[PDB]
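Residue-level structural notes
Take a look at the letters that make up each chain.
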Protein chains: 4
Amino acid sequence: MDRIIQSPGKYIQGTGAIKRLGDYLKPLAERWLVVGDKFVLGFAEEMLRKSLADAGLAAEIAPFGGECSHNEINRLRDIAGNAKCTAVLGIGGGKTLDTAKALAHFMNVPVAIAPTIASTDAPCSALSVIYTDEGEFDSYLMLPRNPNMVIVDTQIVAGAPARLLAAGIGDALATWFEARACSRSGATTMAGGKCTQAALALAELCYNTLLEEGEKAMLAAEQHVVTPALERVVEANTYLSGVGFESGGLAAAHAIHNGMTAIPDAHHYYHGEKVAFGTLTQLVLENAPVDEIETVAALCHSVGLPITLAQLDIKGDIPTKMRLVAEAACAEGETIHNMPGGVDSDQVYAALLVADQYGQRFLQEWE
Amino acid sequence: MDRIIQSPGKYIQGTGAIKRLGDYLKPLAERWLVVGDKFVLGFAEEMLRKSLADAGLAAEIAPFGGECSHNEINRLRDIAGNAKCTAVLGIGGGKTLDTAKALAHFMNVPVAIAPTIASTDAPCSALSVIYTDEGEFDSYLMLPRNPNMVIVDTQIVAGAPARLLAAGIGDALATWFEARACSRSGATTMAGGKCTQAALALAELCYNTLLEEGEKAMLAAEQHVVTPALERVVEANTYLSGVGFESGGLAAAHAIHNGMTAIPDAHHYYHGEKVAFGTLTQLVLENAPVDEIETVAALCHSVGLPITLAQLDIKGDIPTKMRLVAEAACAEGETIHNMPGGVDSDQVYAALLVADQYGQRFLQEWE
Amino acid sequence: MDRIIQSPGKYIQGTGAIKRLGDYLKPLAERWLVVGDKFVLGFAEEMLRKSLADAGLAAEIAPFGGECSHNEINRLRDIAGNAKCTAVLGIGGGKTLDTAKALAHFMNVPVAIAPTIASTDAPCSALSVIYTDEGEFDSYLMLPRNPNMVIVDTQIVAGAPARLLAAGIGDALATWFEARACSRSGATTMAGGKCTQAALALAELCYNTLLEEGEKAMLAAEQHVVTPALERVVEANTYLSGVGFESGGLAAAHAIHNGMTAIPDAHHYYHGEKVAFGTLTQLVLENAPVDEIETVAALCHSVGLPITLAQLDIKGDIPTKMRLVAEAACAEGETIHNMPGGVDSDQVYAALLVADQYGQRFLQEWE
Amino acid sequence: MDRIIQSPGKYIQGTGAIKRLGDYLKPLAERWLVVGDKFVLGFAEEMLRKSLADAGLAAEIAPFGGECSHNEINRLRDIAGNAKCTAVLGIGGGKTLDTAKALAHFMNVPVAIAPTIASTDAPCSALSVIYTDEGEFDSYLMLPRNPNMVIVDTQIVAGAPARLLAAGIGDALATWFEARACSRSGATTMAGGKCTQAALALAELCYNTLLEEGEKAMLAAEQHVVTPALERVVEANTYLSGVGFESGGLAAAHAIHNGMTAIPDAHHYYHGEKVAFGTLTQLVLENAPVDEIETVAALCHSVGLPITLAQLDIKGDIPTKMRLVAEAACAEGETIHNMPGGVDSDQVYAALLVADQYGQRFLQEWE
Ligand SMILES: NC(=O)c1ccc[n+]([C@@H]2O[C@H](COP(=O)([O-])OP(=O)(O)OC[C@H]3O[C@@H](n4cnc5c(N)ncnc54)[C@H](O)[C@@H]3O)[C@@H](O)[C@H]2O)c1
Ligand SMILES: NC(=O)c1ccc[n+]([C@@H]2O[C@H](COP(=O)([O-])OP(=O)(O)OC[C@H]3O[C@@H](n4cnc5c(N)ncnc54)[C@H](O)[C@@H]3O)[C@@H](O)[C@H]2O)c1
Ligand SMILES: NC(=O)c1ccc[n+]([C@@H]2O[C@H](COP(=O)([O-])OP(=O)(O)OC[C@H]3O[C@@H](n4cnc5c(N)ncnc54)[C@H](O)[C@@H]3O)[C@@H](O)[C@H]2O)c1
Ligand SMILES: NC(=O)c1ccc[n+]([C@@H]2O[C@H](COP(=O)([O-])OP(=O)(O)OC[C@H]3O[C@@H](n4cnc5c(N)ncnc54)[C@H](O)[C@@H]3O)[C@@H](O)[C@H]2O)c1
Ligand SMILES: [Zn+2]
Ligand SMILES: [Zn+2]
Ligand SMILES: [Zn+2]
Ligand SMILES: [Zn+2]
């Protein structure tokens, strides 16, 4: 079958990039619905309003309700119609950005995406994760188009909590290993085809960037300043990981992330933190060489990502809990079946327990 | 300043991909203006009509006049309006594809691009080269958006004259060296920013793919059959070279290509064939190591690309002609000024003569 | 533009070299004004007087006032005229040597330079740093000529405080990284041209000599004895670093050194000690690979150079202080603008905080 | 004993550098005696006169008599006195430059040196080779000072006969091997001390530059154009080879060059061409590894340097002739005694015959 790569039309990144939003957006449309979470608008609404106004654009500011839900999408569509908006700008974290993408899809208008953290690879994908209003997962809304533009102000990202950059490292860490597994098995990607050389190269570049720049970038993040190492990790967490997962493929790491919703234990932990441990588990499952698992565990440990169940607050009755996680990870349609040679719940259960023991030993030897 | 990468929204490649055009295009629009050159429609119009009709799409076939000109764009716009077309599909070589992109820009509608040869990196770029009707260069039309979709049927490409695949190798050969020069000098790219890591990786992947797959792919091309080596070179000539040049940067090789319009000698040679010799000249100009120039010259020689002036039919009064080429290559606004340390016409003139002598010696030692 | 390398006419180094001063100086001139600081004359005046007298030279001893100031230069010129001196010998540390060079320039006579410590790369350069009498910086006096001869008695150097050899290592450490940055950006050097291959080779030789010989040389320095390792480090701190900085280029490390005069905190620390931390900061700024920063930090740590702000006694209100340092480091005309891609104060501020955190972590892991 | 490196005060190189002579010379002196050979003044006198006049300098043009002789030095001194010249500029090849240096020494004034070919390492040294008027060698005049400035217009050099650049490659080829031999034996250099690390690094850089750039530079030379490869070889033939031989040491290669004046056969061959074969002979004498001799022989062959006696037109009665050469090469005071372990005429004779056979075999295998 065909080989396919998808991408946002234009990806932009640099310090102060919010100040240039208006000039970047003007070739696309004149009247913008701005979905932003209240915290982000707290510090960014004035700059954003100025950027668009100076470029001659209309801006209808719509504070985000917090959840990417069908009710919230229709609420924002009503608001957008009153202002005759012809495009959507989402500014914030993953839930805000998914909502903007879905809203623009249903209005059939361009979308611009301004991540104010680099915490997941959501910004670039042709995908919105729909939840109920209460926050329970609902469905994956596959979009016919990636976002028109993605604009990352790296100074805003650097000012955010450093834990959220580490979380993005965890999400991006899975990219190479899941795309490599899909290329080994010949699996179809979310772009709908087999993998291109381009996507595999960006996926592998993602991993090497994290290895080379992750620790340097976290020093900058903890000081809330921008260095080229932080710039490179933001690119890896956003563009490389986004194109990497969507056009290179998903496999065990993300099925294992999804499987942990079968227990309540890890509720306080971010998407990318659970994906980091899912990645360690995939490496056990595919029996990666010792040096490769050690390198990944050490990278995770160096930026604060969990390498044990207890670091995700998964404690007590581990056998019952890991059976729940393993069974949900292997549910019909899950991406774990993209692993070479197929995988069942018994193998995932085994990998979960062993990956946990590996991390415990690692933490012990680190004293 | 910001770092920026641009891309077509979706790039698709595989054998028989023309048969799936209708299903690929349906999420974008329902009524398609199809710009195709008469030779391509000669063999492809029936398959293309079937693909779109089976998917429930309207197709208004508009045979292409041959030149990407303002008169031709307005002619096609009139034809499209009569059929109430809501999108444009260009199918053919570079001139057809540039026309489709420019037409869709002026109609403000999506564009799909179906290269039937892999002869240049035109398909993916947010750029149309406008000519007069007589064929004289007119202007560069910079587009606000890359094409929505690019669809390469590799069986159609493999059936085309093999010389046109080699020409695409020549255009793609420049990608790594021009992007690397721009990254060394800190030059602004056509995407409007400094280079991303992603773009440099795709540019370098482009070069390595040509080295590893070029000769294997030409065997397939000469037999008019599809192998994975030909598939990889098509990707390199189209997606990698396209994103590579636009988001990684242009430099001396393409300024030297442009400079050869100052003489009539190379009129029978394709865009990518002149770019191959421009690349050898850039390597002399930047004083690349001997092994690197030899590798490039050998790659060019192995797929039939020119490594001497005479192989471009540039013969007689070489000093006067190369002074004309060097001066036009250094004209104000040319990309040769993206080279590290700056470059003037005396240095380009020197590099032209020396690159020519290098190629002559290479051909001699090859007997 | 032209490529230019400058050098003192003759550089001499070895144990007991002061005893041979007279024979080395005789081909240059017969009547010598000897500028020496009182401490150095305390131990060296008798040997120096004997060397010159035995060779048939006149010596007018002029104890140095301590500061390289315009008033001091004119005072010494008056003294020299009374004795009809036809050349100048400076013997001591950097302030003495700069004064001798400037004095000889204004008398229009040859100058010989005898460093009695290897604490900076001042001895070889065509530059004097002029201060007011109170010690405030005044101006850079660019000289039309490097010193005629430089004579380093390595036994006198080895007898000096070991901290002053480590300081020279810190000044010399910057040489490779600043010259490499200038060669990457194409910056003009203080020799007035672009860099030669010769200057880049001496700059890189400087760095490798410090890596290979620094710790061995400090053992000798602490014992106040001469070994070949100490001999090689003296050459690196004097000739290699001198030609390296002047003909290879200055960049961020020295602008950052200059920037710390915007705060009073580091007043007790030597020129080369501040340059060592400026070098670590430049490595953060140019995002050097982790292994390279670690190697530099470990080299600094092994000879006692500072790798944190607190080791320069910069403590308390770090954000305000580092903003002052960053702004002065980026003042108009500073060498930080020789860095590839340009640099502003926000980037320098970020690099300062991150380099400080890197050094703190290094010291912590070293326990 | 002390380690000593000597250098011209300022070395300048680039295309069109003759046009900037006046501004480069003005800080040194106002009234210049210009010694130039008639051929060079034929093309350069007008530019040179303009450069000095525009900078406000006086120029007394004195066409050179052709030989560096005591009679010629006194003739030029008389001419200089009539014009009250306060400095000397030599412009031309080695004989002109040696004369300018010696003249400035006897007038006790600064000297500037403008090589118009890069054929030997004469320009930078504190040495003039004095001949009788008939052209017989007379003596080595050791100078107390290297030239104040050396200015190489690389466009003038590139315009000269290409054979003269190859000759300079031959002279420069000896630099690394003779300096390395002197460093192995601990020999005293012409700077009067043991070798510095700086001088050994420049000597080795010289050799590697010839290996990497020699063939690329000869392509440029044959086209009479300037490329960066030609620029690097000019630096290697002039600055690197000059400092390399004088401060790194001479050994067998140059003693063997000197020894060939004992026969008339090689009279039509340039200094550097005889030094190339002397270098091959030294490699036999020191029993260099096979790969090293092959590399040197191949480098020589690739730029047209002789690797056999017959290529120096030394033919007929080879045993008698090589005994004459070997005996003169080993004369008292010759530099061949700087070779490790000492050398006598029987060993040199053996090396001459064997080096000749090696070159003959090399030429044969090359067909
Ligand atoms: N569509 C995709 O491809 C994709 C991929 C991965 C994840 N997702 C979805 O993204 C959601 C999680 O995204 P998330 O991890 O970013 O959580 P999130 O969107 O809820 O935001 C995280 C928090 O960061 C806060 N914060 C503090 N300082 C901030 C600052 N400077 N900038 C922005 N926010 C700041 C925000 O207010 C927010 O509470 C999930 O619903 C996930 O399903 C989608
Ligand atoms: N916009 C950009 O970024 C960009 C980049 C490079 C070149 N260009 C422009 O592209 C133009 C040249 O493009 P080109 O080299 O492809 O020439 P072209 O578009 O004129 O087509 C080359 C020929 O291939 C013929 N042919 C034979 N078999 C074919 C087959 N199976 N499929 C398709 N064609 C077949 C075509 O009819 C055509 O005559 C130039 O105008 C150039 O300026 C634009
Ligand atoms: N012109 C240039 O290129 C250049 C380069 C770097 C620094 N500088 C200037 O050099 C000055 C600092 O030079 P410095 O760091 O050598 O300080 P310094 O010249 O003041 O001397 C340092 C101290 O070492 C003392 N001491 C103890 N034992 C000694 C011994 N055996 N020999 C010599 N001194 C001994 C000296 O008396 C002196 O107090 C600054 O003014 C700086 O601007 C100039
Ligand atoms: N002092 C030292 O350290 C040292 C080192 C090596 C050689 N030497 C001496 O240098 C002398 C040989 O020097 P040489 O080989 O350069 O020969 P040379 O000085 O006689 O000049 C070579 C010829 O090049 C001609 N020519 C043609 N085009 C020219 C152009 N553009 N520019 C300059 N010249 C051009 C010149 O007129 C000249 O006839 C010998 O006397 C040698 O002893 C001295
Ligand atoms: Zn994820
Ligand atoms: Zn092209
Ligand atoms: Zn310094
Ligand atoms: Zn020589």
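Residues numbered from 1 in each chain as written, not as in the entry; some residues may be left out. Chains lettered and ligands numbered in written order. Part of a larger assembly, values for the part shown. Heavy atoms only, no water. Residues with missing side-chain atoms left out of burial classes, pairs and counts.

Structure determination for this PDB entry was carried out by X-ray crystallography, with a resolution of 2.10 Å recorded in the header.

Glancing now at the coordination of the zinc ion (ligand 8). Residue and element names in this part refer to chain D. Protein-derived ligands of the zinc ion (ligand 8) are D171 (OD), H254 (NE2) and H271 (NE2), with the metal-ligand distances lying across 2.1 to 2.2 Å. Counting residues between consecutive donors of the zinc ion (ligand 8) along the chain gives the motif D-x82-H-x16-H. Taken as a pair, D171 in helix 6 (residues 162–185) and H271 in helix 10 (residues 271–285) lie far apart in primary sequence, 100 residues in all. Among the residues examined, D171 registers a relative accessible area of 1% and is labelled buried. (Donors = N, O, S within 2.8 Å, 3.2 Å for Na, K, Ca; no water. Helix = DSSP H or I, 4+ residues; strand = E, 2+ residues; numbered from the N terminus. Buried < 20%, exposed > 50% of the residue type's maximum accessible area, 1.4 Å probe, protein only.)

What follows concerns the interface of chain B and chain A. Facing 33 residues of chain B, the contacting portion of chain A comprises 33 residues. Roughly 2,500 Å² of surface becomes buried between chain B and chain A when both sides are summed, with 52% attributable to carbon and sulfur atoms. Ranking the residues of chain B by area buried against chain A places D2, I5 and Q197 of chain B at the top, with a combined share of 22%. The interface formed by chain B and chain A holds two salt bridges in total. We note a salt bridge from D2 of chain B to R20 of chain A, for which the minimum N-O separation is 2.8 Å. Of all the elements in the fold, those that place two or more residues in the side of chain B that touches chain A are strand 1 (3–6), strand 2 (10–14), helix 7 (197–223) and helix 8 (228–248) of chain B. When the residues that make up the side of chain B that touches chain A are grouped by side-chain class, the tally is 16 nonpolar, 10 polar and seven charged. Examined bridge by bridge, strand 2 (residues 10–14) of chain A and strand 1 of chain B share four bridges and lie antiparallel to one another. The residue of strand 1 of chain B that forms the bridge with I12 of chain A is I4 of chain B. (Contact = heavy atoms within 4.5 Å. Buried area = accessible area lost by both parts, 1.4 Å probe. Salt bridge = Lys/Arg side-chain N within 4 Å of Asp/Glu carboxyl O. Nonpolar A, V, L, I, M, F, W, Y, C, P; charged D, E, K, R; others polar. Pairing = 2+ DSSP bridges.)

Residue and element names in this part refer to chain B. Taken together, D171 (OD), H254 (NE2) and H271 (NE2) make up the protein donors of the zinc ion (ligand 6), found 2.1 to 2.2 Å from the metal. Every donor residue of the zinc ion (ligand 6) comes from the same chain, spaced as D-x82-H-x16-H. One end of the pair, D171, is in helix 6 (residues 162–185); the other, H254, is in helix 9 (residues 252–259), and 83 residues separate them in sequence. Take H254: its relative accessible area is 10%, and that puts it in the buried class.

Near ligand 3 you find 24 residues, and of these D37, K95, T116, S125 and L127 of chain C are the closest. Mapped by element, the contributors of at least two residues to the shell around ligand 3 are helix 2 (38–54), helix 4 (94–107) and strand 7 (127–131) of chain C. (Near = heavy atom within 4 Å.)

This next bit is on the packing of helix 7 (residues 197–223) of chain D against helix 11 (residues 290–302) of chain D. Residue and element names in this part refer to chain D. Remark: helix 7 packs on helix 11, axes separated minimally by 10 Å, with the N-to-C direction vectors making an angle of 40 degrees. Considered as vectors, helix 7 and helix 11 are oriented oblique to each other. For helix 7 against helix 11, the interelement crossing comes out left-handed. Each of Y207, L210, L211 and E215 in helix 7 lies in contact with helix 11, whose residues at this interface are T295, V296, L299 and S302. For the contact of helix 7 with helix 11, the residue count by class is five nonpolar, two polar and one charged. (Axes fitted to C-alpha atoms, helices over the stretch in contact; angles between N-to-C directions. Parallel < 35°, antiparallel > 145°, perpendicular 65-115°, else oblique. Left-handed = near helix turned anticlockwise from the far one by under 90°.)

Turning our attention to the relation of the copies chain D and chain B. If you rotate chain D by 90 degrees and push it 0.0 Å along the axis, it lands on chain B with an RMSD of 0.0 Å. Taken together, the rotation and translation relating the two chain copies correspond to the operation of a four-fold axis. Among all residues of chain D, the one whose C-alpha sits closest to the rotation axis is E367 of chain D, at a distance of 10 Å. (Least-squares fit on C-alpha atoms.)

Of the transformation superimposing chain B on chain A, the axial component is 0.0 Å and the angular component is 180 degrees, with the fit at an RMSD of 0.0 Å. With respect to symmetry, the two chain copies, as superposed, fit the operation of a two-fold axis. Across chain B, the smallest distance between a C-alpha and the rotation axis is recorded for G9 of chain B, namely 2.8 Å. The share of interface residues of chain B whose copies in chain A are also at the interface is 100%, consistent with both copies meeting through the same surface.

To continue, consider the sheet that holds strand 6 (residues 111–115) of chain C. The seven strands lie next to each other as 4(C)-3(C)-5(C)-6(C)-9(C)-2(C)-1(D), forming an open sheet whose pairing is mixed. At either end of the open sheet lies a strand with only one pairing partner, and these are strand 4 (58–63) of chain C together with strand 1 (3–6) of chain D. Averaged over all pairs of adjacent strands, the angle between their axes in this sheet comes to 15 degrees, without regard to strand direction. When strand 5 (residues 87–92) of chain C meets strand 6 of chain C, the two strands line up parallel, connected through five bridges. Across the sheet, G92 of chain C pairs through a bridge with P115 of chain C, a residue of strand 6 of chain C. Along the sheet face, helix 2 of chain C touches strand 3 (31–36), strand 4 and strand 5 of chain C and points at about 175 degrees away from the line of strand 4 of chain C.

Each partner contributes to the interface: chain D provides 13 residues, whereas chain B provides 13 residues. Buried area between chain D and chain B, both sides added, is near 990 Å², and the carbon and sulfur share of it is 65%. The largest share of the area that chain D buries against chain B comes from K216, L219 and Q223 of chain D, three residues that together contribute 52% of it. Between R361 of chain B and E222 of chain D there is a salt bridge whose closest N-O contact spans 3.3 Å. Secondary structure elements with two or more residues in the side of chain D that touches chain B: helix 7 and helix 8 (228–248) of chain D. By residue number, the principal contributor to the side of chain D that touches chain B is helix 7 of chain D, which donates seven residues. Of the residues that constitute the side of chain D that touches chain B, the class distribution is six nonpolar, two polar and five charged.

A separate point is the pattern of salt bridges. Following the criterion strictly, the structure yields 66 salt bridges over all chains and no others. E213 of chain A is paired through a salt bridge with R232 of chain A; the nearest N and O atoms lie 3.3 Å apart. A residue pair is termed long-range when its members are at least 10 positions apart, and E213 of chain A in helix 7 (residues 197–223) and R232 of chain A in helix 8 (residues 228–248) qualify at 19 residues. Of the residues examined, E213 of chain A reaches a relative accessible area of 5% and is grouped as buried. Note on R232 of chain A: relative accessible area 31%, which makes it partly exposed. Salt-bridge contacts for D54 of chain C lead to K50 of chain C; the nearest nitrogen and oxygen are separated by 2.6 Å. With a gap of four residues between them, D54 of chain C and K50 of chain C both fall in helix 2, about one helical turn apart.

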